[PDB]
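Report on the structure given below.
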Amino acid sequence: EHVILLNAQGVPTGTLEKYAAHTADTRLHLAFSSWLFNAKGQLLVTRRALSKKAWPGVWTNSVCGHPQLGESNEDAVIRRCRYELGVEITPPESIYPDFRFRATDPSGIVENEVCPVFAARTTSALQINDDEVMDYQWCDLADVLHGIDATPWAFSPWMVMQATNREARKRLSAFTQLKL
Amino acid sequence: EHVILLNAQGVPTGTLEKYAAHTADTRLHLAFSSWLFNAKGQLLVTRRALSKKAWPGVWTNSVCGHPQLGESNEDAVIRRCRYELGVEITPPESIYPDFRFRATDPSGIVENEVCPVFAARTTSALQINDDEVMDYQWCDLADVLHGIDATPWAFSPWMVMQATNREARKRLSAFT
Ligand SMILES: *[C@](C)(CO)CCOP(=O)(O)OP(=O)(O)O
Ligand SMILES: *[C@](C)(CO)CCOP(=O)(O)OP(=O)(O)O
Ligand SMILES: [Mg+2]
Ligand SMILES: [Mg+2]
Ligand SMILES: [Mn+2]
Ligand SMILES: [Mn+2]
């Protein structure tokens, strides 16, 4: 697996081994983040496995990853949902295409990414992948947004930043409608 | 270091090495939970090191531990405050004396404890033991309670049980 390196603009310049790319001096690369809702409109919240190199054991939104060479960001979203959560989804919607984030995790690992955000509905049961996800919960979005407001330091920083973007937040809200 | 096994009633009946004691089948034993506030009235919330056997990486109340044979609850608290957080504290005060619980962590490790709950104020700066704590936050109790009320899953299960105990919540709410 690899990440796609971006120059000091969002322009691709090559690729780099995933593990080797994420260090204390991570270079800009392409990634995605997705927010998954069940038919009932509940949000799927997940907890990263203790073996994740970056933010292990942290509560975060549904699914994040790294598109590979020749992969649309949307295909990447479909793929990691399958791999991490075993789950089938509706076409991912772009809800924050310009999100960009750089940050250091509790042990020094840096994520530095161009990270378009999507939302989608699940259309199958989950088959959680324990090497990726150690715990999860189906929640009402309102509650989650209330927890993020009260104790943001208890969740991944990128979950908080995306959730507090006004336009992104309105998209999340729309997905709380019950859909059969 | 050990934990103290307790029969149905809270009678000590023997001990076990501390590491060997927490398994998928953890047996009932003695413990404590403690909530610490500084002079400004802020609550210390901590995140357990990734190496802890039970609930590693989980956000929780300030300091928890296992009294040893012959040790008072108040001394255990003082001991673990010093050990985990390098902090001196005022005499621990009772806030939930009959708390008890059993729970299972994401890897299937169980805690099963008689666990009286205390509160105290810090009288020195923290000096962190990263074998025990990987992160922490000084915050307002009120916000922490909102967090616990909104997304209980984001916190340890016993933290949630304690804070939502009507009496214990009133007593913590007075440390600010
Ligand atoms: C950015 C959002 C990291 O915060 C993308 C990384 O997601 P991650 O799940 O860590 O990547 P994978 O390991 O490919 O799933
Ligand atoms: C119960 C509340 C939690 O398992 C008491 C145990 O505290 P813990 O921090 O796990 O014990 P130590 O490892 O002795 O610090
Ligand atoms: Mg991922
Ligand atoms: Mg402890
Ligand atoms: Mn990355
Ligand atoms: Mn124990």
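In listed order, ligands and their atoms are each counted from 1. These values consider heavy atoms only, across backbone and side chains, with no hydrogens, waters or symmetry-generated copies. Protein chains get the first letters and strands the later ones, always in sequence-line order, with residue 1 at the start of each.
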Inset, instruction - Would you kindly say whether A/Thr23 and A/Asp25 are connected by a side-chain donor-acceptor distance under 3.5 Å? - result: yes
Inset, instruction - Examine B/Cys64 and say whether one of its N/O/S atoms is closer to the Mg ion (ligand 4) than 2.8 Å. - result: yes
Inset, instruction - Calculate the angle formed at the Mn ion (ligand 5) by OE2 in A/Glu111 and NE2 in A/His29; 10° precision is enough. - result: 140°
Legend entry - Sidechain-backbone polar pair: A/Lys52 side chain, A/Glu132 backbone, donor-acceptor under 3.5 Å: no
Inset, instruction - Consider every N or O of B/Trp158 and every N or O of ligand 2, then say whether any pair is closer than 3.5 Å. - result: no
Legend entry - Donor-acceptor pair between B/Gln162 and B/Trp35 side chains, under 3.5 angstrom: yes
Legend entry - Within one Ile-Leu-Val-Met-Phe-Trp-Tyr cluster: B/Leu6 and B/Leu16, side-chain cutoff 4.5 Å: no
Legend entry - Shortest protein contact, atom 6 (C) of ligand 2 (heavy atom only): B/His66 CE1, 3.4 Å
Inset, instruction - Verify whether the ring centers belonging to A/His29 and A/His22 lie closer than 6.0 Å. - result: yes
Inset, instruction - Look at ligand 2 and say whether B/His22 reaches it with a heavy atom at a distance under 4.0 Å. - result: no
Legend entry - Pair A/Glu1 + A/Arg80, salt bridge at N-O below 4.0 Å: yes
Legend entry - Any B/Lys18 heavy atom less than 4.0 Å to ligand 2: yes
Legend entry - N, O or S atom within A/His22 nearest to the Mn ion (ligand 5), by name: NE2
Legend entry - Name of the residue among A/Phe32, A/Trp55, A/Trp158 meeting side-chain contact (heavy atoms from CB on, under 4.5 Å) with A/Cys64: A/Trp158
Inset, instruction - Give yes if a backbone or side-chain nitrogen or oxygen of B/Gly65 is under 3.5 Å from a nitrogen or oxygen of ligand 2, and no if not. - result: yes
Inset, instruction - Using a cut-off of strictly less than 2.8 Å, determine whether B/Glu132 has an N/O/S atom near the Mg ion (ligand 4). - result: no
Inset, instruction - May I ask you to check if ligand 2 and B/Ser33 share an N or O to N or O distance below 3.5 Å? - result: no
Inset, instruction - For atom 5 (C) of ligand 2, find the nearest protein heavy atom and state the residue, atom name and distance (0.1 Å precision). - result: B/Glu113 OE1, 2.6 Å
Inset, instruction - For B/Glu84, counting its heavy atoms only, list the atoms of ligand 2 lying under 4.0 Å from any of them. - result: 9 (O), 15 (O)
Legend entry - Considering only N, O or S atoms of A/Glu113, the one closest to the Mn ion (ligand 5): OE1
Inset, instruction - Please could you name the atoms of ligand 2 that B/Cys115 approaches to less than 4.0 Å, counting only its heavy atoms? - result: 2 (C)
Legend entry - Minimum-distance pair of heavy atoms, taken over all atoms of A/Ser124 and A/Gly86: OG-O, 4.1 Å
Legend entry - Atom CZ of A/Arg27: over 12 foreign heavy atoms under 6.0 Å: no
Inset, instruction - Identify the protein heavy atom lying closest to atom 4 (O) of ligand 2, giving its residue, its atom name and the separation to 0.1 Å. - result: B/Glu111 OE2, 2.4 Å
Inset, instruction - Give the contacting part of B/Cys64 toward ligand 2: side chain, backbone, both or neither, where contact means a heavy-atom distance below 4.0 Å. - result: both
Inset, instruction - Would you mind checking which non-hydrogen protein atom is closest to atom 13 (O) of ligand 2, with the distance to 0.1 Å? - result: B/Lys52 NZ, 2.9 Å
Legend entry - Polar contact flag, side-chain donor to acceptor under 3.5 angstrom, B/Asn7-B/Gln9: no
Legend entry - Nearest to the Mg ion (ligand 4) - the N/O/S atom of B/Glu84, by atom name: OE2
Inset, instruction - Looking only at non-hydrogen atoms, find the nearest pair between A/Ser33 and A/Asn61 and report the distance. - result: OG-OD1, 3.1 Å
Legend entry - Side-chain donor or acceptor of B/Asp130 paired with backbone N/O of B/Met134 under 3.5 Å: no
Inset, instruction - Examine the proximity of ligand 2 to B/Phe32 and report which part, side chain or backbone, both or neither, has a heavy atom under 4.0 Å away. - result: backbone
Inset, instruction - Just let me know how B/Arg48 lines up against ligand 2, side chain, backbone, both or neither, with a heavy-atom cut-off below 4.0 Å. - result: side chain
Legend entry - For B/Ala31, atoms of ligand 2 separated by under 4.0 Å from a heavy atom: 5 (C)
Legend entry - Side-chain ion pair, A/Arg102 and A/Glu113, N-O less than 4.0 Å: no
